[PDB]
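Undergrad: Structure in structure tokens, see below.
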Amino acid sequence: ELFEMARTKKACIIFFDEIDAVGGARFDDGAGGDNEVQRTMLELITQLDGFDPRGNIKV
Amino acid sequence: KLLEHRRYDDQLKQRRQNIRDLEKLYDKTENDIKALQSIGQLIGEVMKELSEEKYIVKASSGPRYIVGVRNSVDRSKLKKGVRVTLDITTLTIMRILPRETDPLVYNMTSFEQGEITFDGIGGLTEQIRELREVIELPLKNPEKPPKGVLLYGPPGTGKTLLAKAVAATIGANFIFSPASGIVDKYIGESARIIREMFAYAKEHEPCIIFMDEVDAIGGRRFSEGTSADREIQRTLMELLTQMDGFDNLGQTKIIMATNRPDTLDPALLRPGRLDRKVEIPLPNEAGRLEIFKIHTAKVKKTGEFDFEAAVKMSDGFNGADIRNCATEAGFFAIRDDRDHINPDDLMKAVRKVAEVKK
Amino acid sequence: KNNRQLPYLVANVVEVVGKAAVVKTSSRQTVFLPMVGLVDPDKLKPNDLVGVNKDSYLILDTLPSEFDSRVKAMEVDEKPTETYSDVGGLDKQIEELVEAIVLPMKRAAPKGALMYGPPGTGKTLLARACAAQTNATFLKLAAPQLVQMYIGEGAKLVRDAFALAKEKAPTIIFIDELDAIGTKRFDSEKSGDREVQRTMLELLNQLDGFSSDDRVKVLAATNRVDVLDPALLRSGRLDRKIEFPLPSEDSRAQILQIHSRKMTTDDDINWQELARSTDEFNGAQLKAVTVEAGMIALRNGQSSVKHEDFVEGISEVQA
Amino acid sequence: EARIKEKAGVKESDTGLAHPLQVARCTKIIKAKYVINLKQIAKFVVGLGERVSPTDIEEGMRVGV
Numbered sequence: 293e294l295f296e297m298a299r300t301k302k303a304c305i306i307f308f309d310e311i312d313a314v315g316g317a318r319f320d321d322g323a324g325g326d327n328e329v330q331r332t333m334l335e336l337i338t339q340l341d342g343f344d345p346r347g348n349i350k351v
Numbered sequence: 063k064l065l066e067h068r069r070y071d072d073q074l075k076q077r078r079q080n081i082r083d084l085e086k087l088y089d090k091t092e093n094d095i096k097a098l099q100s101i102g103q104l105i106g107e108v109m110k111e112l113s114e115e116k117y118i119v120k121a122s123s124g125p126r127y128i129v130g131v132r133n134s135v136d137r138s139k140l141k142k143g144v145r146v147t148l149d150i151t152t153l154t155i156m157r158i159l160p161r162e163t164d165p166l167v168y169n170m171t172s173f174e175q176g177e178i179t180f181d182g183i184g185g186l187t188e189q190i191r192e193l194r195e196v197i198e199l200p201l202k203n204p205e213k214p215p216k217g218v219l220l221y222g223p224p225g226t227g228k229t230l231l232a233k234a235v236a237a238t239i240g241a242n243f244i245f246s247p248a249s250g251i252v253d254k255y256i257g258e259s260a261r262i263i264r265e266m267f268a269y270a271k272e273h274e275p276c277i278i279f280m281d282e283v284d285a286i287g288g289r290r291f292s293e294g295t296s297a298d299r300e301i302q303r304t305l306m307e308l309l310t311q312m313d314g315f316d317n318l319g320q321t322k323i324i325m326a327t328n329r330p331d332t333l334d335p336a337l338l339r340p341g342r343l344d345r346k347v348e349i350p351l352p353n354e355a356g357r358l359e360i361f362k363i364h365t366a367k368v369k370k371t372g373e374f375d376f377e378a379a380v381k382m383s384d385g386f387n388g389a390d391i392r393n394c395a396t397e398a399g400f401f402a403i404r405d406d407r408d409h410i411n412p413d414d415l416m417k418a419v420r421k422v423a424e425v426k427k
Numbered sequence: 070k071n072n073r074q075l076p077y078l079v080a081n082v083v084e085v113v114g115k116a117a118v119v120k121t122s123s124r125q126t127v128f129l130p131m132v133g134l135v136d137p138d139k140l141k142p143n144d145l146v147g148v149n150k151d152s153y154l155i156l157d158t159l160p161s162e163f164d165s166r167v168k169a170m171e172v173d174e175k176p177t178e179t180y181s182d183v184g185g186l187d188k189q190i191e192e193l194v195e196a197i198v199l200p201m202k203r204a214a215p216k217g218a219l220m221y222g223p224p225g226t227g228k229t230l231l232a233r234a235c236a237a238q239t240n241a242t243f244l245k246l247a248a249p250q251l252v253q254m255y256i257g258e259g260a261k262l263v264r265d266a267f268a269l270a271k272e273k274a275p276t277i278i279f280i281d282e283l284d285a286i287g288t289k290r291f292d293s294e295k296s297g298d299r300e301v302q303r304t305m306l307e308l309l310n311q312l313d314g315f316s317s318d319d320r321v322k323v324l325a326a327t328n329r330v331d332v333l334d335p336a337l338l339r340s341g342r343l344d345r346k347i348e349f350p351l352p353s354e355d356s357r358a359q360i361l362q363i364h365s366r367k368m369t370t371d372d373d374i375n376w377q378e379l380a381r382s383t384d385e386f387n388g389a390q391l392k393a394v395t396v397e398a399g400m401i402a403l404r405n406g407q408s409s410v411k412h413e414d415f416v417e418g419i420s421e422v423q424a
Numbered sequence: 060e061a062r063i064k065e066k067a068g069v070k071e072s073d074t075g076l077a095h096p097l098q099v100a101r102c103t104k105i106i107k143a144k145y146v147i148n149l150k151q152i153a154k155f156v157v158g159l160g161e162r163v164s165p166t167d168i169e170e171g172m173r174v175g176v
């Protein structure tokens with residue numbers, strides 16, 4: 293929805309304070325509960341990568 | 063002058079033949095045309111018979127209703143749990159019915175026996191025998214029947230295939246169970262699912278029940294808190310209920326599947342639920358070579374193609390890894406233009422197969 | 070008269113005596129009907145989309161399974177055109193790519218391959234490259250979608266992802282950071298995430314369901330994988346464990362080339378220099394340098410971009 | 060005025076018993144109903160072929176997917 297309305301709001305600043313909220317790189321998938329939280333990053337990771345204009349949509 | 067008979071019969075033959083070609087389609091379509099008057103009629107099982115007419119029937123679509131008989135109705139035959147056609151307005155029996163539910167080949171997965179027998183995947187032979195005797199035979203020798218059998222190790226090694234190969238040998242209907250569909254969301258549907266899996270099989274027995282890798286609908290869960298885990302525990306227990314409960318495997322048997330065993334409810338492993346914990350070790354250098362010349366050599370290959378030395382370098386592989394060995398050389402085969410694999414294709418693969426993992 | 074409505078309720082089947117059928121609506125309502133006019137006993141079968149008069153519960157149409165959810169958030173760019181000139185240096189696996197997809201496609214086996222190594226290389230593009238190259242349906246698929254609240258929603262999604270793709274098959278299903286769904290943990294606590302697990306298991310089973318379909322191609326990238334499976338390495342399941350090493354310098358000079366490509370340049374350039382000064386950049390860091398050098402080159406006033414510009418892109422802290 | 064004006068608009072939904097929207101109930105038109148329900152009542156897709164409606168698929172005032 294972010295990335296959706298990113299493109300809706302295009303020429304928009306996606307701004308994240310607390311990248312540390314979702315956390316950073318981690319093995320806490322070795323614990324196994326964090327996975328989705330980790331994925332939530334990977335989510336953020338995945339989608340932001342390929343199609344998102346970041347000259348317009350700022351991250 | 064005599065060309066007219068044709069022009070007579072030419073028209074005639076076709077024409078007289080074109081008669082019902084056209085004409086057939088009408089009545090058929092007409093039936094379809096007609097049948098559009100034929101209207102749908104609600105369904106339900108009789109919960110019970112209040113009076114000869116008066117019935118307690120939970121709508122197959124919804125809640126209970128007090129209803130009467132209708133006509134061509136046998137207040138005799140009308141009985142508990144009997145599926146009946148029901149009325150939309152009159153809301154009474156619109157017909158008395160046989161019954162069965164669920165996507166037998168989908169939600170239930172119904173495939174009869176298995177594709178290739180135990181032998182084709184041979185080299186698991188320990189299990190191959192060992193399972194057959196504890197699965198197939200106890201049927202044919204009235205002298213416990215077995216509760217349950219749980220694969221473990223890497224799947225599809227022949228592992229998942231075992232089930233089919235298992236399923237093949239008995240004659241029972243193999244019924245495959247993937248897990249989460251049994252409780253997607255779907256905020257319920259547990260026993261109804263599984264019991265259809267039981268009961269259909271229970272009626273359709275002999276049947277093989279194969280439940281895939283059951284850690285989502287199996288296993289001891291987590292904090293054993295509620296994620297909807299309470300769904301799982303139920304579902305986890307629904308089997309337990311059919312197993313530690315009086316429900317037996319009459320002619321229908323249950324294959325449990327996991328890639329790791331320790332991932333399951335301890336109570337699940339118990340006898341009364343599981344009488345067999347089925348290991349699938351990797352094939353030995355023998356077992357490999359065994360499976361090797363089995364899975365592999367049946368793909369067209371030279372004798373040039375290197376039989377044992379590959380096996381020598383072939384270590385810690387599974388039945389499909391063996392196939393990978395073949396399949397990998399096959400790359401080099403199509404890379405070397407080989408229908409028959411050549412030793413060239415091979416040991417490049419073998420190490421390459423022994424490369425990524427052991 | 071009775072035709073038609075958009076849509077109907079659909080229903081699924083039990084009986085197909114022989115003229116008889118009973119079906120349960122999208123309203124979760126079971127009616128008997130004498131098998132209606134517009135349908136065929138073969139068309140008829142359980143679990144199906146069907147046009148039905150909602151009122152009469154009279155089946156009008158059989159319906160193809162089409163809008164059976166594509167979880168429309170599932171992103172299908174159909175076989176987008178991308179070259180292998182897109183990000184260079186990867187010819188190692190490009191061969192394997194071909195070797196794991198192209199060749200299994202066109203002759204007579215693997216149903217998919219397994220990436221690893223950091224993307225931004227254009228690992229995505231590599232897929233997109235083969236998306237052009239093999240001309241199999243490309244599915245750019247985020248596991249976060251497979252990650253759901255509904256129980257086994259993902260599996261459903263996976264099944265969803267599976268099936269409609271099997272229509273568009275030949276298909277290359279791309280998966281990013283499999284380890285999302287790639288951890289079953291160790292335990293009987295696995296319901297902790299049954300989703301990411303079973304979805305994998307469901308996927309595994311899907312990967313298990315077939316062997317010979319090159320129509321189904323399964324492409325999974327991670328930075329690195331976590332758990333292993335001979336499903337994760339299998340003929341018919343993920344067969345090919347595919348390294349994506351951060352490229353060498355000439356390879357970077359090769360990639361920076363592609364990035365420097367569309368740039369206006371005076372050729373103060375020497376790539377290898379840059380390539381040497383740079384270390385293990387997945388393509389875009391060169392492109393980042395490419396990017397920065399440009400902004401720099403404007404700050405330099407330069408329409409053309411020069412080596413120093415790139416040096417300054419590097420100079421822009423690459424760490 | 061606006062009431063009766065938009066009562067038309069109201070009624071403009073109210074035929075066939077009908095920016096997130098979540099669910100359009102544009103309801104029960106069978107010839143036709145031209146709506147999506149994403150909801151546990153009567154899930155719906157207008158498509159399968161070329162399936163539209165000139166301005167608006169159908170109703171609810173909700174018209175749409």
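Residue numbers (the authors' numbering), protein chains in the order written: chain A, 293 to 351; chain B, 63 to 205, 213 to 427; chain C, 70 to 85, 113 to 204, 214 to 424; chain D, 60 to 77, 95 to 107, 143 to 176. Note that CB positions come from ideal geometry on N, CA and C, so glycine has one too.
1. Please report the residue range of the alpha helix (DSSP H) in which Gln362 (chain C) lies.
2. Check whether the Cβ of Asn81 (chain C) lies closer than 8 Å to any Cβ atom in chain D.
3. Check distances from the C-beta atoms of the region 95-106 of chain D to those of chain C and list, in chain order, the residues that come in under 8 Å.
4. For chain A, is any of its Cβ atoms less than 8 Å away from the one on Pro249 (chain C)?
5. Name the chain A residues that come within less than 7 Å of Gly225 (chain C), Cβ to Cβ?
6. Between the beta-carbon of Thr276 (chain C) and the beta-carbon of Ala237 (chain C), is there less than 8 Å?
7. Using C-beta distances below 7 Å, list every residue in its chain close to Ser123 (chain C), excluding the 5 sequence neighbours before and after it, in chain order.
8. Using the beta-carbon of each residue, which ones in chain C are nearer than 8 Å to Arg162 (chain D)?
9. Looking at the secondary structure, which residues open and close the alpha helix (DSSP H) in which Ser246 (chain B) lies?
10. Please work out which residues of its chain come closer than 7 Å, Cβ to Cβ, to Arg329 (chain C), disregarding the five sequence neighbours upstream and downstream, and give them in chain order.
11. What are the start and end residues of each continuous alpha helix (DSSP H) run of 4 or more residues lying completely inside the region 259-313 of chain B, in chain order?
12. Please list, in chain order, all residues of the same chain as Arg145 (chain B) whose beta carbon is under 6 Å from its beta carbon, the five residues on each side excluded.
13. Assign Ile347 (chain C) to one of three DSSP states: helix, strand, or coil.
14. Using only CA atoms, which one of B:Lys427, B:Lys362, B:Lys202 lies nearest to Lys346 (chain C)?
15. Expressed to the nearest angstrom, what Euclidean distance is found between the alpha-carbon atoms of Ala366 (chain B) and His409 (chain B)?
16. For the pair the region 345-355 of chain B and the region 314-323 of chain B, tell me if three or more CB-CB distances fall below 8 Å.
17. Tell me whether the region 288-307 of chain C and the region 347-354 of chain C touch, counting them as touching only if at least three CB pairs, one residue from each stretch, are closer than 8 Å.
18. Please state the DSSP three-state secondary structure of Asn81 (chain C).
19. Work out the CA separation of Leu199 (chain B) and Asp316 (chain B) for me, nearest whole Å.
20. So is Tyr269 (chain B) buried or exposed if we call it buried at 16+ other beta carbons inside 10 Å?
21. List, in order along the chain, the chain B residues whose C-beta lies closer than 8 Å to that of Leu338 (chain C)?
22. Could you confirm whether any beta carbon from chain B is found closer than 8 Å to the beta carbon of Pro130 (chain C)?
23. Compute the distance between the beta-carbons of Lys228 (chain B) and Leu220 (chain B), then report whether it is under 8 Å.
24. So which residues on chain D does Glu162 (chain C) lean against when the C-beta distance must stay under 7 Å?
25. Check each candidate in C:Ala218, C:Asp144, C:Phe291, C:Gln390 and name the one with the smallest Cα separation from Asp331 (chain B).
26. Would you say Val69 (chain D) faces chain C, with C-beta separation under 8 Å as the test?
27. Hey, does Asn348 (chain A) have any beta-carbon neighbour from chain C nearer than 8 Å?
28. Measuring straight from C-alpha to C-alpha, what distance separates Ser420 (chain C) and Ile401 (chain C)?
29. Do you know offhand how far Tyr153 (chain C)'s Cα is from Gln125 (chain C)'s?
30. Output, in chain order, the set of chain B residues within a Cβ distance shorter than 8 Å of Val410 (chain C).
31. Would you please state the rounded distance, in angstroms, between the beta carbons of residue 209 (chain B) and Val83 (chain C)? I believe it to be under 8 Å.
32. Per DSSP, which residues does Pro130 (chain C) bridge with? Please list them.
33. Given this structure, state the Cα-to-Cα distance separating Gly388 (chain B) from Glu188 (chain B), to the nearest angstrom.
34. Quick check on this structure: which residue in B:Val380, B:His273, B:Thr304, B:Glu293 has the alpha carbon closest to the alpha carbon of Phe173 (chain B)?
35. Return helix, strand or coil for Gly399 (chain C), following the three-state DSSP convention.
36. Quick check: the Cα distance between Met325 (chain B) and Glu328 (chain A), rounded to an integer number of angstroms?
TA: In brief:
1. 354-366
2. Not a single C-beta of chain D is nearer than 8 Å to the C-beta of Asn81 (chain C).
3. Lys104, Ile105, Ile106
4. yes
5. From the beta-carbon of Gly225 (chain C), the residues of chain A found nearer than 7 Å are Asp341.
6. The answer is no: Cβ separation not under 8 Å.
7. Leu78
8. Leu75
9. Per DSSP, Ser246 (chain B) belongs to no alpha helix (DSSP H); it is in the beta strand (DSSP E), 242-246.
10. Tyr221
11. 260-273, 298-312
12. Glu107, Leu159, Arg161
13. strand
14. Distance from the Cα of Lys346 (chain C) is smallest, within the candidate group B:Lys427, B:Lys362, B:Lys202, for B:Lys427.
15. 9 Å
16. By the C-beta criterion, the region 345-355 of chain B is judged not to be in contact with the region 314-323 of chain B, since fewer than 3 inter-stretch pairs fall below 8 Å.
17. no
18. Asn81 (chain C) sits in a strand when the DSSP states are folded into three classes.
19. 20 Å
20. It is buried - the Cβ of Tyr269 (chain B) has at least 16 other Cβ atoms within 10 Å.
21. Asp390, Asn393, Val425, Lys426
22. Closer than 8 Å: yes.
23. Taking 8 Å as the Cβ cut-off, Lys228 (chain B) and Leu220 (chain B) qualify as a contacting pair.
24. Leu159
25. C:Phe291
26. No, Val69 (chain D) does not count as interfacial toward chain C.
27. Among the CB atoms of chain C, none fall inside 8 Å of the CB of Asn348 (chain A).
28. 10 Å
29. 9 Å
30. Those do not exist, as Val410 (chain C) stays about 41 Å from chain B at its closest Cβ, beyond 8 Å.
31. Looking at chain B, the numbering goes 205 and then 213, which leaves residue 209 (chain B) without any coordinates in this model.
32. C:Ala116
33. 14 Å
34. B:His273
35. helix
36. 28 Å
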